[PDB]
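**Student:** Please see the structure below; I have some questions.
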Amino acid sequence: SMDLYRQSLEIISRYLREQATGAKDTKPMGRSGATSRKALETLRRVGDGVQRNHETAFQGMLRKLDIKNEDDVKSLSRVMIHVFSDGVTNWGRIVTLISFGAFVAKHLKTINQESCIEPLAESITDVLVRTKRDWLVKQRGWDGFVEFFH
Ligand SMILES: O=C(O)c1[nH]c2ccccc2c1CCCOc1cccc2ccccc12
Numbered sequence: 023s024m025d026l027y028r029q030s031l032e033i034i035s036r037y038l039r040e041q042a043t044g045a046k047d048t049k050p051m052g053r054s055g056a057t058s059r060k061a062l063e064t065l066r067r068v069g070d071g072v073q074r075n076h077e078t079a080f081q082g083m084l085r086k087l088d089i090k091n092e093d094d095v096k097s098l099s100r101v102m103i104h105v106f107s108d109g110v111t112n113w114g115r116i117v118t119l120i121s122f123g124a125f126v127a128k129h130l131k132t133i134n135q136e137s138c139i140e141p142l143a144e145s146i147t148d149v150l151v152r153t154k155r156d157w158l159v160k161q162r163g164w165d166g167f168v169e170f171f172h
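When we follow our numbering, the leftmost residue of the sequence shown carries the number 23, and every step to the right adds one.
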């Protein structure tokens with residue numbers, strides 16, 4: 023679903039960008055927007071907690087990935103689909119996929135690869151919506167994400 027993709031892209035890319043810069047983007051978003059703003063707000067709350075709770079694991083995975091350049095960022099999808107497609111599907115695992123994206127985005131700013139944050143956000147959005155389309159539709163997309171963590 024291109025609507026699920028374009029909404030997910032805006033939520034993920036906004037969170038990854040603002041985690042990297044340290045500054046939040048202004049309130050107006052694209053289509054839907056009201057649901058997306060609520061989703062970004064719950065994502066900041068839950069996602070910041072996940073980064074703190076899994077700091078050692080995130081540090082370990084970052085080291086393993088050994089990200090140095092733009093080519094390393096594109097080779098990521100291979101591990102991303104491996105780890106994320108095996109096992110159960112729930113909102114906690116979706117938050118973990120996104121929060122680790124934020125953790126990687128901060129590292130990219132550090133190594134002067136900030137231009138890779140958008141392609142990375144795009145890659146996460148694509149893997150998420152492509153592999154979990156039906157489950158996301160059943161949960162009423164980003165409306166169900168907000169409700170679940172309410
Ligand atoms: O779901 C889980 O078990 C799990 N465990 C982890 C333990 C550590 C770090 C993440 C995870 C996850 C998230 C899914 C897989 O994420 C990824 C894997 C690889 C590269 C990535 C790059 C950008 C964003 C997500 C990535």
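Ideal Cβ positions, reconstructed from N, Cα and C, are used throughout, including at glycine.
When you compare each of 116, 131, 130 to residue 146 by their alpha carbons, which one comes out closest?
**Tutor:** Each of 116, 131, 130 was checked against the Cα of residue 146, and the nearest Cα belongs to 116.
**Student:** Quick one: residues in its chain with C-beta nearer than 7 Å to the C-beta of residue 80, no 5 flanking neighbours on either side, listed in chain order?
**Tutor:** The residues are 73, 122, 125.
**Student:** Quick one: is the Cβ of residue 192 within less than 7 Å of any heavy atom of ligand 1?
**Tutor:** Nothing about residue 192 can be read from this structure; the chain reaches only from 23 to 172.
**Student:** Between residue 119 and ligand 1, is there a pair consisting of the residue's CB and a ligand heavy atom that are separated by less than 7 Å?
**Tutor:** yes
**Student:** Tell me the DSSP secondary structure of residue 103 in three-state form.
**Tutor:** helix
**Student:** Could you give the C-beta distance for residue 151 and residue 30, rounded to a whole number, given that I count them as a contact under 8 Å?
**Tutor:** 5 Å
**Student:** Which value, in whole angstroms, describes the spacing of the CA atoms of residue 163 and residue 59?
**Tutor:** 14 Å
**Student:** Which first and last residues belong to the alpha helix (DSSP H) in which residue 129 is found?
**Tutor:** 113-132
**Student:** Taking C-alpha atoms, which residue in 91, 45, 160, 153 lies nearest to residue 109?
**Tutor:** 153
**Student:** What is the DSSP secondary structure of residue 47, counted as helix, strand or coil?
**Tutor:** Reduced to three states, the DSSP call for residue 47 is coil.
**Student:** Can you tell me whether residue 102 is buried or exposed, with buried defined as 16 or more other CB within 10 angstroms of its CB?
**Tutor:** buried
**Student:** Could you check whether the Cβ of residue 42 sits closer than 7 Å to any heavy atom belonging to ligand 1?
**Tutor:** no
**Student:** Out of 91, 51, 69, which one is the CA nearest neighbour of residue 28?
**Tutor:** 51
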